[PDB]
Structure formats: structure tokens, C-alpha cells
């Protein structure tokens, strides 16, 4: 039972405020990126792509990436990455769309991804609607891969979503928006949640 979906975990850059590669931050028995990929592997994807930036060498040494398509890019500047452009070139032609998530959002669930994909069949874009706002994971149909490619950064998908040019389906998830990690404070907050829910 093929899903005809490729998962794309954007894990390049966005680490300058931490002062260390956030992908490698300890999160229990694993790393932050390891935790996200553990979940991503359990989603109904036919293919899983992970993008990495300047810290790729260290990440390759410390995170389990076997069986994944690894897309390596240059650093793009502070608060920016362009890895999605490269990732698209690797997407299997059989994929009807992709699901986008960040390498630093391990709190996303495989059930939410499954519901997102189901709502995304026949929608141009779909997004998760949590109790306290819209957030990742996002669905993007093959028909707008060209528009994605033209975005200036990995975290600029919200501009396509908010543009009104394309249908955007909101898929309800009975949870709050997953935590992500921009700053050291964000990391400690996420770690405390992992410690608590453990």
C-alpha cells in the first residue's frame, strides 16, 4: 500500500542563536534531530528526505540516517536556509505531494501526519490547525512544487499559504502547535516537556 507521499524534514541551519548545532542537542536517549526522524520514519511516507547544512559532517557522525535521502546544502545566512529548493529535485516522481516538517519539531505525531495526508488528497496545500494556531506539518501538492522552489527561504512557506492564490485546507489536530527550537530557552522548554512526558 503505497502512500504516494514523500516526507521532507528541513534540518539545515537556523542554529546561530544556540551557538551549537541544534540538530545534535541531547533529547533523552537521542538527539533533537534523532527524535524528529524517529517519528518521521513511522509516518506513511514512501520516501523520506532530510536536508542538512553547514553542520552536516557532525550530524552524519551522530544521527542515524540510514535509508533516508540526505540532501546537503551550503549555509544561506543568519535566520535563513534554502534547502527546500534542493530537496524538491530529489522527490520521487510517484509522490503526489510532500509533507514538510522541521528537524526541530519532534512533538509532531504520525497520526497527525496521516490525517494531514488524507485531507491533502485533492487539496493544493494543507496545514495542521492546532488549538492555538496553524503549524507544521504542511502538505504541498506536486502542482505547486514550482512555487515552493521560488521561495527565498525554508520557513517562507507561510507566504504561499497566506497569499490566497491556492486552496489551503485546515486539518484539525487536538493538540497545541508543536514546540520548535530557535533559542537556548526554546531548547530547555522542549527538553522539560520530554522530561515531563517521560
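Positions refer to the first chain, counted from 1.
- Two stretches are in play, 135-143 and 152-160, and the higher mean C-alpha B-factor belongs to 152-160.
- The PDB entry records a higher mean C-alpha B factor for 78-86 than for its counterpart among 96-104 and 78-86.
- Of the residues listed, 50, 55, 32, 40, the entry assigns the biggest Cα temperature factor to 55.
- For residue 173, the recorded CA temperature factor ranks within the middle third of the chain's modelled residues.
- When the modelled residues of the chain are ordered by their C-alpha B factor, residue 195 lands in the highest third.
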